[PDB]
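The structure appears right after this line, and notes come after that.
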DNA sequence: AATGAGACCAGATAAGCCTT
DNA sequence: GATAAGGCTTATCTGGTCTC
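Residue numbers (the deposited numbering): 170 to 291.
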C-alpha cells in the first residue's frame, strides 16, 4: 500500500521549508536529519489519517540528504547573484526630488547648468 | 571672452529579482 | 521526487567638470 497523495503533500510542503531553513544554523547532517523528519511529523499529525512514523522518516531522509548535499552558503550567494542580475537589469532609478539636478536652481537664476557650475569654483 | 549644449567623470543607492 | 525573499546586480542617480 503506497500512499501517493499524502506522501506528495508531505514531500512538497517540507522540501520548500527545508530549502530556506537549512540556512538557519547550517546544522550538521545528523542534526539536520532529525530536524527535517521532525518537520515531516508535524505536518503529518495534521492529516486526518496520518502516515506511519516509518514513512515520515523515509520522506524526511530524502529531503535532508538532498538538501545537506546540495546547499551551502556559496550556493545561496550564487542564487542571489543570479536573481539580483535579472533585478538590476530591468530596474531604473528615478530622479531624487530634493537634489540640485532636480530643483534646477540655474533655471530660476536665469542662467544655465554649465554657467551655474562655472560660477561656483570661484 | 564668457555662455550653452552636451558628453563626461566617479561615487553612491534604489529597484528589482524570486514566487514565501 | 527538487535547488535557496534577502544578498546581490545593474541602471541610473548624483554634484561636478570640460570640451566644442
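Each residue gets a CB set at the ideal place from its N, CA and C atoms; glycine is no exception.
query, result
"Between which two residues does the alpha helix (DSSP H) holding residue 258 run?", "242-258"
"Please state whether the Cβ-Cβ distance between residue 201 and residue 233 is less than 8 Å.", "yes"
"Just verifying my parser: in three-state terms, what is the DSSP assignment at residue 267?", "coil"
"Considering only their Cβ atoms, is the gap separating residue 187 from residue 196 smaller than 8 Å?", "no"
"If we ignore side chains and look at the alpha-carbon of each, how far apart do residue 217 and residue 247 end up?", "40 Å"
"Is it right to say residue 291 is buried, meaning 16 or more other beta carbons lie within 10 angstroms of its own, or is it exposed?", "exposed"
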